[PDB]
Every structure is written in structure tokens, then in C-alpha cells.
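Participant: My questions all concern the structure below.
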Amino acid sequence: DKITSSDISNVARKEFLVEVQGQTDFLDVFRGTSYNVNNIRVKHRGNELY
Amino acid sequence: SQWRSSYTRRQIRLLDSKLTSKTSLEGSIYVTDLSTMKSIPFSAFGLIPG
Amino acid sequence: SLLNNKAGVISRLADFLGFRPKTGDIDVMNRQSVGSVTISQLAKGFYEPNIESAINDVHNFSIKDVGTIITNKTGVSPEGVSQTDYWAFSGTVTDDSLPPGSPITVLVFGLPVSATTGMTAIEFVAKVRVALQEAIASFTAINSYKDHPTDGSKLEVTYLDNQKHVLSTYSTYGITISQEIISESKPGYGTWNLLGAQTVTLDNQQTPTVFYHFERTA
Amino acid sequence: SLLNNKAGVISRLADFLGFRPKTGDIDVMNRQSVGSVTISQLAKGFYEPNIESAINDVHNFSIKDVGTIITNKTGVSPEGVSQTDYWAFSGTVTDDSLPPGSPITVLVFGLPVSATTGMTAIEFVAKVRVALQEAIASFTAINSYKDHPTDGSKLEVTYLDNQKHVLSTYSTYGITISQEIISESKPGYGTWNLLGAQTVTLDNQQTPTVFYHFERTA
Amino acid sequence: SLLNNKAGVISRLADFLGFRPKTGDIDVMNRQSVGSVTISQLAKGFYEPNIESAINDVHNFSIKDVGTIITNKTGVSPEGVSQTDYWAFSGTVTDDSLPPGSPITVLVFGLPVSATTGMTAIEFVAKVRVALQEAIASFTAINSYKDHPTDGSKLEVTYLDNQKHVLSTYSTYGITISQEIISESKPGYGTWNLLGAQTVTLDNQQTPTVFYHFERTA
């Protein structure tokens, strides 16, 4: 009766409020496991370049 | 993706008939004739759309 | 040990609540201990000596057959007496979770009383009368009630049984509910009858002693 | 409040099941309330008034010492009477989870009966006889059984105690098991003896009244 | 079914422990079954026939009013008798979780006894005396105790009630605690009085029979 079909990839968001200046890097991406490189996501609220 | 719930829980308290004299409230209060209706529909417990 | 102790009860239902039977107890038909497991609870699956049987045994022990003569010098019929009480009520019905004149139920000594907020004790009692009817109509612990003659906020109350009933004064919804015991209940069972007086001079007494023979009429 | 209410029982074992004692109850040795905590349950750790003691107290209250004269005009010995019943059985033993002639156990009023599928009520009763022997052999609630004279599918049944036993008709494995009460049980305990008749003219009566003095023989 | 069976009890408190009432039981005031729900537990919310009421009913049944004549040929007053026992103690108090002379508490038949490691049974009993005072002072199951005359390691013990008390021998902390039953308890209640002897020749007997009329003095 039902087409549930295919698959759902997973997007989550974590905002980094920048402080202290510095802050040219961010570690572990989302705390667990890894980031998925192929689609880069980072914003200054300008969404950052590829 | 939804990350849903990770546990949570529910519990219901009903008192019967006029002894409440009050209607069901969230998952807090329920009311009915206990011998008249077996089971529960649950909106009777607290419901959230996961 | 509380573990397997707490393990315990399962089914409630004093049929199913166990009893350590009396050791060497023949008092049942010169046969078995009081509270011994009965075909009732066997049919119900409970295989152990139980509280149920223990009650009926001594019950069946303390009940003398109809027509049995009880004899005393005093002359009070063995028949039990129920307790009669007042229920003293005070204040005005108050529910701050509802507007005034809000019908609510109030448990009077465990009797629900439908009353609306704002009723004084008298109007509360007016509703209490409704519940006491049911308490009589359901025949639950209350033989009868009667309005307090000089007080609307009290009610004369009578209990079904011959036991003693003592309850705690409490105040709900701005209504204080208290029990005022009027008459003590007296031990006895069934319906009994004094046959009359027998004057008896004991063997070496000088003084004839009178007896009162109480036949069981029920 | 049901929380700490439900907290409750722990250990079952009516020794350990509490009892709100009777307020101002001296009836025990002119000393303590019925059901007061006893050295039995103290040794067992239970420090509260309990159901155990309450049973033995009134038990010890309702038991008159050997040799006590019970007197009535009627003349029925105080001695209790056990209930005697029929157990009516019908149908053929049926287990669809096993092939025909499959030995199974059947609980008859709580008595297991080993029987094989395909047995009619009579062959079922034939097995029921085996169980009733154990019910007698174990002396559990059943004083004796007897085959129904004109019916193999019924059995005359006698209970150990003097209590009243009423059970529910049910049908298992194509076998209907029903209890047919024959004789009512009568209140009493121990073994009693009528001494004889005493005719007594009461004090201002014209009419002599007869009494029957029942000594306790056990 | 054990689920909703085990569901059961909630609140303990035999007030709140249910009882399947006797079917067709008028023995209470010719009114209701024994154990019927009472205004006590109604006030407490419990709406079912219960164990509480069942105890007081038969209690109120087995208690004859003051002044009632009990008559026997034997002549033993109906008054109950408490059980009297020895508690035999042996060994030296031993706690290997503490140094010698370490004050500990020892439960003697459920009675805590403060004693220090190294005490023999006698010094242990010396402490047991302290506890038995409390057992008397608290009036819990123990009417009185007395030092064993020829033995410091035993104690003569008396129980409040008229019930029978049988306890199990155990050895704690190198102290064996055993109960030696001295006097059997006898059934009875209240305080009774023999009026005297009545010699009675029964109706067609040749032989006059003597009776003993026991008035209830309490």
C-alpha cells in the first residue's frame, strides 16, 4: 500500500558564535564522528565559499 | 533527519467520574468511568510530534 | 531478604494472601488448622494456607447455632449493637480552582458529597444528606443517618456493623468534617432472646442466684 | 498517595502484613489489642501490629476450653459440620495442541487431574478420582470424595473444614467442571457432647423449659 | 493473570487489604458480611470489603459482654493464659568486624540487645536483661522476663498475649539464642469469675451433674 521509498541523508546544524577573535579553526566538527566533506557548509551569515 | 526523543517517558493519573469532577489534563489528569471504558486513547499522555 | 520477602504477595485477594497456619490446630471439625487452604482458593489456584479461610473458621467458631441458650446473671441480650455517631460540619464550601457555586464532590468520611462552592456547612450538609442516602442505599458502613436536630451542620449517623468506628476530623474546601461518636457499639451477633430468669441456689451457697437464658432467634 | 501506599507490603506473610490494631483493645489477657505485634514476627523482624496475631487472638477468644458446657433448648451439638458437594463433569477430554489420547493435567477446582485427550467425562472422572485421592492424601481442602452413585461424571465431595465453599462452573478441554453443593457446613469447632436435658422452670414462668448441656470433648 | 493479580495490593494496611466477603453473611447486626467495607476505610478511600473489618467483626462476635455466665462441669475460668518461656543463651559475644569488647546490638527473638564483643552468654544475658526491660517497657509481645534461677545464660520469659509463641533457635555472634517454652498459653479473654457450683440432675438422669458458672468480670 505504501511507497516509503529511497533514503534520507542527514543534515544537522551547529552555529559557532565567534568570540575572542582568533578562531581560525573549529575542531571535531559535530562532536561525534566526522564531517562529510563533499558539501561544505560554513557561514559568516554570509555563507562561506566552497 | 529527526533526532526525535532519546527516551523521555509518560505517566497518567485518572480518577473516576465525579470524584475528579474535572476533565483530563495533558498526561497529568485523566477522567472517565473506569469500569465503563477499558484501555486508553492516548492523547491522554503528553504528546509531542516525534 | 526483603527481596524474596517483597516478592511476596502477587494477587492480593486475601483468599490468595497466605497465612502461617496454627501448628497442631484441629479446631476445624477436629481436622485442620485455621486458615488452611480451601477448595475455594484451590479452584483459584492458590495452594497455601490463607487469610480467607482463617476468618471464616473462627467466624464459624464464634457463631452459635440458632436456638442456643446464652445464660447470664446480668440480662443484656447477646445481640450486637451498632455504633451511632454525629458528623459535625462547619464552614462554607470553597473551591478556588472553580468559580463560586461550582459543583464539586466532597468525600465525607469517604462518602462523596456533591456540593457547589459557596455552600455553608448547612447547604453542604444538605448535599451530605444526598450522599448518606447512597451510603444507606449502597449499604456501605452506614446503617442510617439523621439530621442533627438543633444543628444543620451536624448529622446523626448510624453504622451497619456492630464494630467500633473512630474517624479523624478534617477540613476540606472550607468545610470541616468531624465525627462525633454518640453511641458505642456492643459485641454480639444474630438475634437473641431472653427466655426469662432462673433463680439458682448454688450447691453450698445460701444465696439463690438468678440467671438469664438467651436463646438465639437468629 | 498511592506511591507510599503502594510502597506498602514488602514481605507478604501475614505475620508481616500489618494491622491497624483496635484502639483501646484489652481483650487479649486484659492486656493488648488484637493483632498486636508478637515475638514471632519480632524474631522475624516485623515490628508492627499484624494480621497474624489478630487471627490467633480472636481464635484463642472463640475457643472454649475442653469440658465447657454449652447449653441450648434446641439440642444440636456445637460441633462444626463440613460441607459436602458434588463435582459434576461432562464432555470428552480435548487437547487440540496434542494428538488424541495425549496425557495432560486438568485442574479440577484447583486439583490437577492427569487425563489423556479423548477421555469422556467418565474416563476424566476416572482420573479425577486419582487427584481427589491426593487431595485427600495431601489433605488439602477436601475431606473425602465419593463417586456419584448413578453418574460416573459426578463425584460426591467432602471438604476438610467446616466453612462454606462455593465454586464456579467451568469447562476445560471439552470437560465441564461444576460443583454441586450437597450439604451445608455448620458452625462449630472441636468435639462436643450433650450431657443431657435439663428442664427448668424460669423464675415467674409457669412453663418448665428444657436445656441441653454440651460439654466440650475436644 | 499474575499481572493484574500482582497489580493487587497498593497500600498494605489491612484496612486497605481486600477481603472476599462471606456470601450471604448477616452475622454482623443481622446486617452485612464480615469484613464488609467500613466508614473507617471509606474515610481512607478504600471502597472494598477488607481484612480490617473481618477481624473486628468476629472479634466483636467472640467477645461476650461483661457479666456473662459461662458454665462448665470442669471449672477452669474462661480467662486466657499467656505463654511463658525460657530463652536459652550460650557462647561468647563475637564480632570479627570489630575489636573485642566492641558494643554491638543483638536481636534476641527480635529484641535488640546491646552487647560488646567478648561477652559470654551470661554477660550477653546481662545485656539481654536491658532489652527485655524495653520489651516490657515498650510492651511488645513480652509480658515479663525473669532470670533463669540456676542459669545466667537462660531467661524466664512471659508474653503479653494468650497466643502460642514458638520460635527458632539461632546463634548470632557466637551467642546461641534459643527459646525454651515453659507454660502453654490457654484460650480465653477478659477477666472471668466462677460464681460457684451448681449440681443439676438432668431430666431423666439418676446422677446429679455439677456446673460452674463463670461470670465475666472483664
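In the C-alpha cells, each chain is lettered A, B, ... as it comes, each chain's residues begin at 1, and ligands are numbered from 1 in order of appearance.
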Report as JSON lines: every residue of chain D with an atom at most 12 Å from chain B, its closest pair of atoms, and their distance in Å to one decimal, counting only C-alpha atoms, with rows sorted by chain and ascending residue number.
Facilitator:
```
{"residue": "D:1", "atom": "CA", "partner": "B:13", "partner_atom": "CA", "distance": 11.7}
{"residue": "D:2", "atom": "CA", "partner": "B:13", "partner_atom": "CA", "distance": 10.8}
{"residue": "D:3", "atom": "CA", "partner": "B:13", "partner_atom": "CA", "distance": 12.0}
```
Participant: Dump as a PDB file with N, CA and C atoms, in the first residue's frame the residues of chain B that approach chain A to within 10 Å, counting only C-alpha atoms.
Facilitator:
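What landed in iface.pdb:
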```pdb
ATOM      1  N   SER B   1      16.804  14.934   8.718  1.00  0.00           N
ATOM      2  CA  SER B   1      16.799  13.912   9.754  1.00  0.00           C
ATOM      3  C   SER B   1      16.201  14.487  11.028  1.00  0.00           C
ATOM      4  N   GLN B   2      15.425  13.668  11.729  1.00  0.00           N
ATOM      5  CA  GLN B   2      14.972  13.984  13.075  1.00  0.00           C
ATOM      6  C   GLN B   2      15.829  13.206  14.061  1.00  0.00           C
ATOM      7  N   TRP B   3      16.194  13.856  15.161  1.00  0.00           N
ATOM      8  CA  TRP B   3      16.857  13.144  16.243  1.00  0.00           C
ATOM      9  C   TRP B   3      15.855  12.757  17.330  1.00  0.00           C
TER      10      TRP B   3
END
```
Participant: So which residues touch residue D:75 within 6 Å, counting only C-alpha atoms, skipping near sequence neighbours fewer than 2 positions away, as a VMD selection string?
Facilitator: chain D and resid 72 to 73 212
Participant: Please identify every residue of chain D that has at least one atom no more than 8 Å from any atom of chain C, counting only C-alpha atoms, and report them as an MDAnalysis selection string.
Facilitator: chainID D and resid 9:15 52 55:56 58:59 62:63 70:74 76 78:82 107:111 140:142 159:163 165:167 186:191 200:205 211 218
Participant: Could you write out, as a list in words, all the residues of stretch 1-45 of chain B that DSSP marks as helix (DSSP H, G or I)?
Facilitator: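 Those residues are residues 17, 18, 19 and 20 of chain B.
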Participant: Could you write out that same residue set with C-alpha atoms as a PDB file, in the first residue's frame?
Facilitator:
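The resulting selection34.pdb:
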```pdb
ATOM      1  CA  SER B  17     -16.279  10.021  37.298  1.00  0.00           C
ATOM      2  CA  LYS B  18     -17.367  12.853  39.643  1.00  0.00           C
ATOM      3  CA  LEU B  19     -14.545  12.137  42.101  1.00  0.00           C
ATOM      4  CA  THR B  20     -12.385  14.187  39.819  1.00  0.00           C
TER       5      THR B  20
END
```
Participant: Name the residues in contact with residue B:42 at a cut-off of 12 Å, using only C-alpha atoms, excluding same-chain residues fewer than 3 positions from it; report them as JSON, numbers by chain.
Facilitator: {"B": [10, 11, 12, 24, 25, 26, 27, 30, 39, 45, 46, 47, 48]}
Participant: May I have the selected residues written with N, CA and C atoms, as a short mmCIF file (atom, residue, chain, number, x, y, z; two decimals), in the first residue's frame?
Facilitator:
```cif
data_model
loop_
_atom_site.label_atom_id
_atom_site.label_comp_id
_atom_site.auth_asym_id
_atom_site.auth_seq_id
_atom_site.Cartn_x
_atom_site.Cartn_y
_atom_site.Cartn_z
N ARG B 10 6.18 8.72 29.80
CA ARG B 10 4.86 9.24 30.13
C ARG B 10 4.28 8.49 31.32
N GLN B 11 3.38 9.16 32.03
CA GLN B 11 2.62 8.55 33.11
C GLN B 11 1.28 9.26 33.19
N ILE B 12 0.21 8.51 33.48
CA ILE B 12 -1.13 9.08 33.55
C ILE B 12 -1.71 8.83 34.93
N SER B 24 -9.79 15.46 31.85
CA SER B 24 -8.40 15.07 31.72
C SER B 24 -7.54 16.30 31.46
N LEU B 25 -6.30 16.28 31.95
CA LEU B 25 -5.36 17.36 31.67
C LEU B 25 -4.03 16.79 31.23
N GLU B 26 -3.66 17.06 29.97
CA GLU B 26 -2.37 16.68 29.39
C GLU B 26 -2.19 15.20 29.69
N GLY B 27 -1.00 14.74 30.07
CA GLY B 27 -0.82 13.45 30.70
C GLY B 27 -0.97 13.50 32.20
N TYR B 30 -6.40 12.42 33.96
CA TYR B 30 -7.37 11.82 33.08
C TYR B 30 -8.64 11.60 33.89
N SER B 39 -9.11 0.17 28.29
CA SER B 39 -8.00 0.84 27.62
C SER B 39 -7.86 2.33 27.83
N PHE B 45 -1.84 10.70 27.44
CA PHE B 45 -0.47 11.03 27.79
C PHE B 45 -0.02 12.28 27.03
N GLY B 46 1.03 12.93 27.55
CA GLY B 46 1.62 14.05 26.85
C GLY B 46 2.12 13.64 25.48
N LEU B 47 1.66 14.32 24.43
CA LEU B 47 2.04 14.00 23.06
C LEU B 47 2.84 15.14 22.44
N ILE B 48 3.94 14.78 21.79
CA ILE B 48 4.81 15.71 21.06
C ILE B 48 5.19 15.03 19.74
#
```
Participant: Quick one: residues within 7 Å of stretch 121-123 of chain C, only C-alpha atoms, excluding same-chain residues fewer than 6 positions away - as a list in words?
Facilitator: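 Using only C-alpha atoms, the neighbours found are residues 89, 90, 91, 92, 152, 153 and 175 of chain C.
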Participant: Any chance you could list, as an NGL selection string, the residues in stretch 167-211 of chain C that come up strand (DSSP E) when DSSP is run on the backbone?
Facilitator: :C and (170-172 or 175-183 or 192-201 or 208-211)
